[PDB]
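Pasting protein17.pdb here (PDB, C-alpha atoms and all ligand atoms):
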```pdb
ATOM      1  CA  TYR A 826      51.744 118.041  32.569
ATOM      2  CA  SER A 827      52.350 121.195  34.617
ATOM      3  CA  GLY A 828      48.794 122.314  33.886
ATOM      4  CA  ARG A 829      47.569 118.898  35.010
ATOM      5  CA  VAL A 830      49.510 119.278  38.269
ATOM      6  CA  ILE A 831      47.994 122.720  38.797
ATOM      7  CA  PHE A 832      44.539 121.258  38.151
ATOM      8  CA  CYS A 833      45.154 118.636  40.841
ATOM      9  CA  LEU A 834      46.115 121.435  43.237
ATOM     10  CA  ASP A 835      42.919 123.268  42.279
ATOM     11  CA  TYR A 836      40.897 120.127  42.997
ATOM     12  CA  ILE A 837      42.372 119.682  46.471
ATOM     13  CA  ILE A 838      41.884 123.340  47.398
ATOM     14  CA  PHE A 839      38.296 123.176  46.119
ATOM     15  CA  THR A 840      37.751 120.195  48.411
ATOM     16  CA  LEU A 841      39.084 122.331  51.261
ATOM     17  CA  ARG A 842      36.507 124.974  50.357
ATOM     18  CA  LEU A 843      33.847 122.255  50.351
ATOM     19  CA  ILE A 844      34.970 121.272  53.847
ATOM     20  CA  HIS A 845      34.314 124.864  54.870
ATOM     21  CA  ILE A 846      30.651 124.516  53.869
ATOM     22  CA  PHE A 847      30.005 121.636  56.271
ATOM     23  CA  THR A 848      30.541 123.965  59.245
ATOM     24  CA  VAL A 849      26.875 125.027  59.148
ATOM     25  CA  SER A 850      25.528 121.740  60.490
ATOM     26  CA  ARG A 851      25.595 121.493  64.277
ATOM     27  CA  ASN A 852      26.530 117.812  64.068
ATOM     28  CA  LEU A 853      30.026 118.263  62.607
ATOM     29  CA  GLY A 854      30.711 121.987  62.999
ATOM     30  CA  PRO A 855      32.234 121.840  66.470
ATOM     31  CA  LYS A 856      34.242 118.856  65.249
ATOM     32  CA  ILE A 857      35.951 120.976  62.587
ATOM     33  CA  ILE A 858      36.373 123.871  65.019
ATOM     34  CA  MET A 859      38.210 121.558  67.407
ATOM     35  CA  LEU A 860      40.139 119.986  64.527
ATOM     36  CA  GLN A 861      41.692 123.322  63.581
ATOM     37  CA  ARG A 862      43.203 123.970  67.021
ATOM     38  CA  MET A 863      44.255 120.341  67.375
ATOM     39  CA  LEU A 864      45.955 120.647  63.989
ATOM     40  CA  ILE A 865      47.935 123.685  65.134
ATOM     41  CA  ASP A 866      49.102 122.036  68.355
ATOM     42  CA  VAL A 867      49.868 118.754  66.587
ATOM     43  CA  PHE A 868      51.879 120.655  63.982
ATOM     44  CA  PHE A 869      54.045 122.111  66.741
ATOM     45  CA  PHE A 870      54.448 118.692  68.372
ATOM     46  CA  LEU A 871      55.387 117.135  65.027
ATOM     47  CA  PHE A 872      57.907 119.929  64.475
ATOM     48  CA  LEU A 873      59.647 119.030  67.738
ATOM     49  CA  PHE A 874      59.472 115.330  66.902
ATOM     50  CA  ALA A 875      60.885 116.120  63.489
ATOM     51  CA  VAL A 876      63.904 117.940  64.891
ATOM     52  CA  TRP A 877      65.172 115.215  67.242
TER      53      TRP A 877
ATOM     54  CA  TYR B 826      25.574  80.837  46.593
ATOM     55  CA  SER B 827      23.245  83.824  46.985
ATOM     56  CA  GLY B 828      21.339  81.941  49.679
ATOM     57  CA  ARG B 829      24.644  81.208  51.401
ATOM     58  CA  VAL B 830      25.506  84.921  51.318
ATOM     59  CA  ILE B 831      22.110  85.767  52.792
ATOM     60  CA  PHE B 832      22.686  83.170  55.516
ATOM     61  CA  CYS B 833      25.995  84.836  56.393
ATOM     62  CA  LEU B 834      24.159  88.162  56.660
ATOM     63  CA  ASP B 835      21.581  86.486  58.906
ATOM     64  CA  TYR B 836      24.372  85.140  61.112
ATOM     65  CA  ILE B 837      25.987  88.550  61.565
ATOM     66  CA  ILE B 838      22.681  90.268  62.337
ATOM     67  CA  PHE B 839      21.836  87.504  64.824
ATOM     68  CA  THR B 840      25.167  88.191  66.522
ATOM     69  CA  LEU B 841      24.146  91.849  66.711
ATOM     70  CA  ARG B 842      20.931  90.765  68.422
ATOM     71  CA  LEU B 843      23.013  88.660  70.811
ATOM     72  CA  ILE B 844      25.077  91.754  71.595
ATOM     73  CA  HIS B 845      21.829  93.453  72.564
ATOM     74  CA  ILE B 846      21.218  90.825  75.260
ATOM     75  CA  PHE B 847      24.463  91.589  77.096
ATOM     76  CA  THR B 848      23.146  95.046  78.033
ATOM     77  CA  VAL B 849      21.441  93.618  81.136
ATOM     78  CA  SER B 850      24.660  93.051  83.070
ATOM     79  CA  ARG B 851      25.912  96.136  84.893
ATOM     80  CA  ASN B 852      29.512  95.210  84.087
ATOM     81  CA  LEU B 853      29.340  95.757  80.316
ATOM     82  CA  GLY B 854      26.046  97.593  79.804
ATOM     83  CA  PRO B 855      27.386 101.118  80.204
ATOM     84  CA  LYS B 856      30.256 100.075  77.945
ATOM     85  CA  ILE B 857      27.858  99.341  75.079
ATOM     86  CA  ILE B 858      25.840 102.479  75.830
ATOM     87  CA  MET B 859      29.002 104.557  75.487
ATOM     88  CA  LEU B 860      30.080 102.558  72.433
ATOM     89  CA  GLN B 861      26.957 103.562  70.515
ATOM     90  CA  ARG B 862      27.534 107.312  70.887
ATOM     91  CA  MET B 863      31.257 106.923  70.259
ATOM     92  CA  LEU B 864      30.382 105.003  67.096
ATOM     93  CA  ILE B 865      28.175 107.839  65.853
ATOM     94  CA  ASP B 866      30.805 110.511  66.484
ATOM     95  CA  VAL B 867      33.583 108.346  65.042
ATOM     96  CA  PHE B 868      31.462 107.728  61.949
ATOM     97  CA  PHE B 869      31.215 111.477  61.391
ATOM     98  CA  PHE B 870      34.959 111.912  61.950
ATOM     99  CA  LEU B 871      35.716 109.076  59.526
ATOM    100  CA  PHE B 872      33.389 110.678  56.981
ATOM    101  CA  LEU B 873      35.426 113.891  57.112
ATOM    102  CA  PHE B 874      38.674 111.930  56.962
ATOM    103  CA  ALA B 875      37.281 110.010  54.020
ATOM    104  CA  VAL B 876      36.485 113.146  52.038
ATOM    105  CA  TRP B 877      39.921 114.800  52.183
TER     106      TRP B 877
HETATM  107  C1  LIG C 901      28.467 113.703  50.350
HETATM  108  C2  LIG C 901      29.095 115.090  50.637
HETATM  109  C3  LIG C 901      28.327 115.895  51.739
HETATM  110  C4  LIG C 901      26.811 115.601  51.755
HETATM  111  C5  LIG C 901      26.006 116.700  52.449
HETATM  112  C6  LIG C 901      26.212 116.731  53.959
HETATM  113  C7  LIG C 901      25.734 118.082  54.595
HETATM  114  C8  LIG C 901      25.499 117.970  56.125
HETATM  115  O1  LIG C 901      26.066 117.146  56.749
HETATM  116  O2  LIG C 901      24.576 118.868  56.783
HETATM  117  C9  LIG C 901      23.645 118.207  57.619
HETATM  118  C10 LIG C 901      22.568 119.191  58.044
HETATM  119  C11 LIG C 901      22.202 118.939  59.532
HETATM  120  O3  LIG C 901      21.275 119.927  59.956
HETATM  121  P1  LIG C 901      21.154 120.207  61.595
HETATM  122  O4  LIG C 901      20.714 118.939  62.281
HETATM  123  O5  LIG C 901      22.517 120.628  62.141
HETATM  124  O6  LIG C 901      20.044 121.409  61.888
HETATM  125  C12 LIG C 901      19.978 121.956  63.192
HETATM  126  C13 LIG C 901      19.844 120.824  64.204
HETATM  127  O7  LIG C 901      18.756 120.017  63.840
HETATM  128  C14 LIG C 901      19.622 121.349  65.634
HETATM  129  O8  LIG C 901      19.322 120.259  66.479
HETATM  130  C15 LIG C 901      18.476 122.361  65.729
HETATM  131  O9  LIG C 901      18.510 122.949  67.006
HETATM  132  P2  LIG C 901      17.657 122.248  68.214
HETATM  133  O10 LIG C 901      17.702 120.761  68.062
HETATM  134  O11 LIG C 901      16.222 122.714  68.152
HETATM  135  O12 LIG C 901      18.265 122.642  69.551
HETATM  136  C16 LIG C 901      18.587 123.477  64.680
HETATM  137  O13 LIG C 901      17.394 124.243  64.712
HETATM  138  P3  LIG C 901      17.480 125.790  65.331
HETATM  139  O14 LIG C 901      17.710 125.725  66.825
HETATM  140  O15 LIG C 901      18.626 126.523  64.675
HETATM  141  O16 LIG C 901      16.179 126.518  65.047
HETATM  142  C17 LIG C 901      18.784 122.929  63.267
HETATM  143  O17 LIG C 901      19.020 124.007  62.394
HETATM  144  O18 LIG C 901      21.421 118.996  57.246
HETATM  145  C18 LIG C 901      21.096 120.077  56.380
HETATM  146  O19 LIG C 901      19.984 120.494  56.359
HETATM  147  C19 LIG C 901      22.165 120.706  55.467
HETATM  148  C20 LIG C 901      21.730 120.717  53.959
HETATM  149  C21 LIG C 901      22.601 119.782  53.112
HETATM  150  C22 LIG C 901      21.933 119.388  51.774
HETATM  151  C23 LIG C 901      22.461 118.001  51.240
HETATM  152  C24 LIG C 901      22.219 117.821  49.759
HETATM  153  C25 LIG C 901      22.730 116.444  49.241
HETATM  154  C1  LIG C 902      30.117  83.432  75.738
HETATM  155  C2  LIG C 902      28.995  84.404  75.294
HETATM  156  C3  LIG C 902      28.385  85.220  76.481
HETATM  157  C4  LIG C 902      28.389  84.441  77.815
HETATM  158  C5  LIG C 902      27.384  84.999  78.825
HETATM  159  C6  LIG C 902      27.793  86.353  79.392
HETATM  160  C7  LIG C 902      26.595  87.093  80.081
HETATM  161  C8  LIG C 902      27.064  88.214  81.047
HETATM  162  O1  LIG C 902      28.114  88.727  80.888
HETATM  163  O2  LIG C 902      26.219  88.622  82.147
HETATM  164  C9  LIG C 902      26.895  88.672  83.388
HETATM  165  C10 LIG C 902      25.879  88.844  84.504
HETATM  166  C11 LIG C 902      26.445  89.826  85.567
HETATM  167  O3  LIG C 902      25.452  90.066  86.552
HETATM  168  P1  LIG C 902      25.599  91.458  87.460
HETATM  169  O4  LIG C 902      26.901  91.415  88.220
HETATM  170  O5  LIG C 902      25.597  92.673  86.534
HETATM  171  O6  LIG C 902      24.335  91.575  88.533
HETATM  172  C12 LIG C 902      24.152  92.800  89.219
HETATM  173  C13 LIG C 902      25.467  93.210  89.871
HETATM  174  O7  LIG C 902      25.934  92.149  90.659
HETATM  175  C14 LIG C 902      25.309  94.460  90.756
HETATM  176  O8  LIG C 902      26.509  94.671  91.467
HETATM  177  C15 LIG C 902      24.165  94.337  91.767
HETATM  178  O9  LIG C 902      23.954  95.598  92.353
HETATM  179  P2  LIG C 902      24.780  95.979  93.712
HETATM  180  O10 LIG C 902      26.157  95.397  93.643
HETATM  181  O11 LIG C 902      24.059  95.417  94.914
HETATM  182  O12 LIG C 902      24.874  97.493  93.835
HETATM  183  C16 LIG C 902      22.852  93.879  91.119
HETATM  184  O13 LIG C 902      21.916  93.603  92.147
HETATM  185  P3  LIG C 902      20.631  94.651  92.332
HETATM  186  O14 LIG C 902      21.132  95.972  92.874
HETATM  187  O15 LIG C 902      19.974  94.873  90.990
HETATM  188  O16 LIG C 902      19.628  94.051  93.299
HETATM  189  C17 LIG C 902      23.031  92.625  90.264
HETATM  190  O17 LIG C 902      21.823  92.357  89.594
HETATM  191  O18 LIG C 902      25.641  87.593  85.111
HETATM  192  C18 LIG C 902      24.328  87.074  84.933
HETATM  193  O19 LIG C 902      23.723  86.679  85.874
HETATM  194  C19 LIG C 902      23.687  87.014  83.534
HETATM  195  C20 LIG C 902      23.197  85.570  83.165
HETATM  196  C21 LIG C 902      24.017  84.969  82.017
HETATM  197  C22 LIG C 902      23.911  83.429  81.947
HETATM  198  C23 LIG C 902      25.179  82.784  81.266
HETATM  199  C24 LIG C 902      24.912  81.389  80.747
HETATM  200  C25 LIG C 902      26.173  80.752  80.088
END
```
Just give me the structure as structure tokens.
Amino acid sequence: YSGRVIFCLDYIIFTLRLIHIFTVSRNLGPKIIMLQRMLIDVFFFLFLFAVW
Amino acid sequence: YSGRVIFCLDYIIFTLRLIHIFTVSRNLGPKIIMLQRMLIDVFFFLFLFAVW
């Protein structure tokens, strides 16, 4: 069961790597580039929301 | 029943054609023009969301 869990983790991280590949296309590359920074800022905002 | 399904599809596509007619009015023409591009970009964003 632990190996199965680790395999699920491997699957999700492999999907993350797949997401990296899409950056080449002009259509959805800038979208991901923006998404990263938005994710950072949203993480900080959610941290503050979490605290109160 | 298959003919009924096809008739429902015909109805929805006819409503799409009706939506095309509204473009003439200045009030809600630019709205539809914007909606098309927003739909394209949102479709790409939803594709990425779908994958992860
Ligand atoms: C389902 C999971 C994901 C599916 C795959 C989804 C992968 C995916 O979404 O990529 C789309 C990509 C779009 O290509 P893309 O339109 O960005 O290509 C550029 C674009 O056309 C620009 O408009 C061009 O500049 P401009 O107009 O002249 O100014 C530029 O030419 P240049 O200026 O540089 O000379 C072009 O290079 O198409 C592929 O070929 C990738 C091969 C993927 C192979 C797919 C195999 C299935
Ligand atoms: C319920 C399903 C949908 C219902 C129907 C809903 C259809 C619908 O929503 O259209 C609204 C439309 C609005 O007309 P609209 O206000 O855009 O007309 C233009 C507008 O008044 C601009 O302000 C004018 O420019 P400006 O001010 O001078 O700068 C321009 O004059 P010009 O500058 O070009 O000379 C005008 O042409 O009214 C109709 O006549 C369409 C006939 C529809 C007939 C309706 C029959 C029922």
**OP:** Any chance you could resolve the ChimeraX specification (/B :<12) & /A against this file and give the residues as a list in words?
**Re:** residues 836, 837, 838, 839, 840, 841, 842, 843, 844, 845, 847, 848, 850, 851, 852, 853, 854, 855, 856, 857, 859 and 860 of chain A
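Counting from atom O1 of ligand LIG 901 (chain C), the distance to CA of residue 865 (chain B) is 13.2 Å.
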Fit target chain A, mobile chain B, all Cα in order, as a CSV table (one decimal) with C-alpha atoms, in the coordinates of the input:
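This went into selection_38.csv:
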```csv
chain,number,residue,atom,x,y,z
B,826,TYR,CA,51.7,118.0,32.6
B,827,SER,CA,52.4,121.2,34.6
B,828,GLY,CA,48.8,122.3,33.9
B,829,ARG,CA,47.6,118.9,35.0
B,830,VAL,CA,49.5,119.3,38.3
B,831,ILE,CA,48.0,122.7,38.8
B,832,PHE,CA,44.5,121.3,38.2
B,833,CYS,CA,45.2,118.6,40.8
B,834,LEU,CA,46.1,121.4,43.2
B,835,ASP,CA,42.9,123.3,42.3
B,836,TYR,CA,40.9,120.1,43.0
B,837,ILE,CA,42.4,119.7,46.5
B,838,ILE,CA,41.9,123.3,47.4
B,839,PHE,CA,38.3,123.2,46.1
B,840,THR,CA,37.8,120.2,48.4
B,841,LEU,CA,39.1,122.3,51.3
B,842,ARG,CA,36.5,125.0,50.4
B,843,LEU,CA,33.8,122.3,50.4
B,844,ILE,CA,35.0,121.3,53.8
B,845,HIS,CA,34.3,124.9,54.9
B,846,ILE,CA,30.7,124.5,53.9
B,847,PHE,CA,30.0,121.6,56.3
B,848,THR,CA,30.5,124.0,59.2
B,849,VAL,CA,26.9,125.0,59.1
B,850,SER,CA,25.5,121.7,60.5
B,851,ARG,CA,25.6,121.5,64.3
B,852,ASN,CA,26.5,117.8,64.1
B,853,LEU,CA,30.0,118.3,62.6
B,854,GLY,CA,30.7,122.0,63.0
B,855,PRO,CA,32.2,121.8,66.5
B,856,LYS,CA,34.2,118.9,65.2
B,857,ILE,CA,36.0,121.0,62.6
B,858,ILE,CA,36.4,123.9,65.0
B,859,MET,CA,38.2,121.6,67.4
B,860,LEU,CA,40.1,120.0,64.5
B,861,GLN,CA,41.7,123.3,63.6
B,862,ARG,CA,43.2,124.0,67.0
B,863,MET,CA,44.3,120.3,67.4
B,864,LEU,CA,46.0,120.6,64.0
B,865,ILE,CA,47.9,123.7,65.1
B,866,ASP,CA,49.1,122.0,68.4
B,867,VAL,CA,49.9,118.8,66.6
B,868,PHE,CA,51.9,120.7,64.0
B,869,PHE,CA,54.0,122.1,66.7
B,870,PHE,CA,54.4,118.7,68.4
B,871,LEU,CA,55.4,117.1,65.0
B,872,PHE,CA,57.9,119.9,64.5
B,873,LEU,CA,59.6,119.0,67.7
B,874,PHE,CA,59.5,115.3,66.9
B,875,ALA,CA,60.9,116.1,63.5
B,876,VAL,CA,63.9,117.9,64.9
B,877,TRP,CA,65.2,115.2,67.2
```
**OP:** Can you work out the spacing between atom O2 of ligand LIG 901 (chain C) and CA of residue 867 (chain A) in Å, to one decimal?
**Re:** 27.1 Å
Extending 4 Å beyond the listed atoms of ligand LIG 902 (chain C) on each side, what axis-aligned box results? I want centre and edge lengths in Å to one decimal, as lines of an AutoDock Vina configuration file.
```
center_x = 24.9
center_y = 89.1
center_z = 85.1
size_x = 18.5
size_y = 24.7
size_z = 27.6
```
Original post:
In terms of the shortest atom-to-atom distance over only C-alpha atoms and all ligand atoms, which of B:862, B:835, B:872, B:849 is closest to ligand LIG 902 (chain C)?
Top reply: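 Going through B:862, B:835, B:872, B:849 one by one, the smallest distance to ligand LIG 902 (chain C) is for B:849.
Of note, CA of residue 833 (chain A) and CA of residue 874 (chain B) are spaced 18.6 Å apart.
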Missing atoms in region 830-865 of chain A: fill them in up to N, CA and C atoms and send the result as an mmCIF file, keeping the file's coordinate frame.
```
data_model
loop_
_atom_site.group_PDB
_atom_site.id
_atom_site.type_symbol
_atom_site.label_atom_id
_atom_site.label_comp_id
_atom_site.auth_asym_id
_atom_site.auth_seq_id
_atom_site.Cartn_x
_atom_site.Cartn_y
_atom_site.Cartn_z
ATOM 1 N N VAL A 830 49.135 119.172 36.860
ATOM 2 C CA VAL A 830 49.510 119.278 38.269
ATOM 3 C C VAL A 830 48.745 120.418 38.929
ATOM 4 N N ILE A 831 48.690 121.562 38.248
ATOM 5 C CA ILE A 831 47.994 122.720 38.797
ATOM 6 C C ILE A 831 46.511 122.415 38.960
ATOM 7 N N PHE A 832 45.940 121.649 38.028
ATOM 8 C CA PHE A 832 44.539 121.258 38.151
ATOM 9 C C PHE A 832 44.320 120.360 39.361
ATOM 10 N N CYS A 833 45.258 119.450 39.630
ATOM 11 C CA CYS A 833 45.154 118.636 40.841
ATOM 12 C C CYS A 833 45.183 119.510 42.092
ATOM 13 N N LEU A 834 46.077 120.503 42.113
ATOM 14 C CA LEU A 834 46.115 121.435 43.237
ATOM 15 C C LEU A 834 44.789 122.177 43.379
ATOM 16 N N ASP A 835 44.216 122.602 42.252
ATOM 17 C CA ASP A 835 42.919 123.268 42.279
ATOM 18 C C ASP A 835 41.850 122.351 42.856
ATOM 19 N N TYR A 836 41.879 121.074 42.481
ATOM 20 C CA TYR A 836 40.897 120.127 42.997
ATOM 21 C C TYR A 836 40.999 120.007 44.512
ATOM 22 N N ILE A 837 42.220 119.860 45.027
ATOM 23 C CA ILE A 837 42.372 119.682 46.471
ATOM 24 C C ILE A 837 41.928 120.939 47.217
ATOM 25 N N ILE A 838 42.288 122.118 46.706
ATOM 26 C CA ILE A 838 41.884 123.340 47.398
ATOM 27 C C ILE A 838 40.371 123.534 47.315
ATOM 28 N N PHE A 839 39.751 123.126 46.205
ATOM 29 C CA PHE A 839 38.296 123.176 46.119
ATOM 30 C C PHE A 839 37.656 122.237 47.131
ATOM 31 N N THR A 840 38.263 121.073 47.365
ATOM 32 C CA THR A 840 37.751 120.195 48.411
ATOM 33 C C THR A 840 37.875 120.848 49.782
ATOM 34 N N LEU A 841 38.965 121.576 50.014
ATOM 35 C CA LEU A 841 39.084 122.331 51.261
ATOM 36 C C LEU A 841 37.941 123.335 51.401
ATOM 37 N N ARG A 842 37.635 124.050 50.319
ATOM 38 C CA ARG A 842 36.507 124.974 50.357
ATOM 39 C C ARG A 842 35.211 124.233 50.660
ATOM 40 N N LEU A 843 35.021 123.064 50.048
ATOM 41 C CA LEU A 843 33.847 122.255 50.351
ATOM 42 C C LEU A 843 33.787 121.919 51.833
ATOM 43 N N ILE A 844 34.930 121.560 52.418
ATOM 44 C CA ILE A 844 34.970 121.272 53.847
ATOM 45 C C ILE A 844 34.476 122.474 54.627
ATOM 46 N N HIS A 845 34.793 123.681 54.156
ATOM 47 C CA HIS A 845 34.314 124.864 54.870
ATOM 48 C C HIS A 845 32.792 124.876 54.962
ATOM 49 N N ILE A 846 32.109 124.425 53.907
ATOM 50 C CA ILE A 846 30.651 124.516 53.869
ATOM 51 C C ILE A 846 30.021 123.688 54.978
ATOM 52 N N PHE A 847 30.621 122.544 55.313
ATOM 53 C CA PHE A 847 30.005 121.636 56.271
ATOM 54 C C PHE A 847 29.862 122.259 57.652
ATOM 55 N N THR A 848 30.552 123.369 57.915
ATOM 56 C CA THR A 848 30.541 123.965 59.245
ATOM 57 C C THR A 848 29.141 124.354 59.702
ATOM 58 N N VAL A 849 28.205 124.553 58.772
ATOM 59 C CA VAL A 849 26.875 125.027 59.148
ATOM 60 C C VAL A 849 26.191 124.028 60.072
ATOM 61 N N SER A 850 26.244 122.747 59.721
ATOM 62 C CA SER A 850 25.528 121.740 60.490
ATOM 63 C C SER A 850 26.082 121.656 61.906
ATOM 64 N N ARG A 851 25.176 121.607 62.885
ATOM 65 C CA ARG A 851 25.595 121.493 64.277
ATOM 66 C C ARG A 851 26.324 120.182 64.535
ATOM 67 N N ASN A 852 25.998 119.137 63.774
ATOM 68 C CA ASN A 852 26.530 117.812 64.068
ATOM 69 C C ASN A 852 28.050 117.787 63.965
ATOM 70 N N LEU A 853 28.602 118.373 62.900
ATOM 71 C CA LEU A 853 30.026 118.263 62.607
ATOM 72 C C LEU A 853 30.710 119.622 62.485
ATOM 73 N N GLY A 854 30.093 120.683 62.996
ATOM 74 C CA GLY A 854 30.711 121.987 62.999
ATOM 75 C C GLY A 854 31.724 122.121 64.119
ATOM 76 N N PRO A 855 31.285 121.841 65.348
ATOM 77 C CA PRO A 855 32.234 121.840 66.470
ATOM 78 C C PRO A 855 33.387 120.885 66.255
ATOM 79 N N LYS A 856 33.157 119.782 65.543
ATOM 80 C CA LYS A 856 34.242 118.856 65.249
ATOM 81 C C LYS A 856 35.339 119.545 64.451
ATOM 82 N N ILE A 857 34.962 120.275 63.400
ATOM 83 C CA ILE A 857 35.951 120.976 62.587
ATOM 84 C C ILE A 857 36.609 122.090 63.391
ATOM 85 N N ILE A 858 35.820 122.794 64.205
ATOM 86 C CA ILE A 858 36.373 123.871 65.019
ATOM 87 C C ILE A 858 37.463 123.330 65.933
ATOM 88 N N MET A 859 37.193 122.198 66.583
ATOM 89 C CA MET A 859 38.210 121.558 67.407
ATOM 90 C C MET A 859 39.385 121.091 66.559
ATOM 91 N N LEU A 860 39.094 120.537 65.379
ATOM 92 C CA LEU A 860 40.139 119.986 64.527
ATOM 93 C C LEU A 860 41.172 121.038 64.170
ATOM 94 N N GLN A 861 40.738 122.276 63.948
ATOM 95 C CA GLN A 861 41.692 123.322 63.581
ATOM 96 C C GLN A 861 42.735 123.534 64.680
ATOM 97 N N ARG A 862 42.276 123.737 65.917
ATOM 98 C CA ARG A 862 43.203 123.970 67.021
ATOM 99 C C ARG A 862 44.073 122.746 67.271
ATOM 100 N N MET A 863 43.470 121.556 67.211
ATOM 101 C CA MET A 863 44.255 120.341 67.375
ATOM 102 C C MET A 863 45.316 120.243 66.292
ATOM 103 N N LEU A 864 44.985 120.668 65.073
ATOM 104 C CA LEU A 864 45.955 120.647 63.989
ATOM 105 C C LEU A 864 47.125 121.567 64.293
ATOM 106 N N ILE A 865 46.845 122.761 64.812
ATOM 107 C CA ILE A 865 47.935 123.685 65.134
ATOM 108 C C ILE A 865 48.862 123.068 66.182
#
```
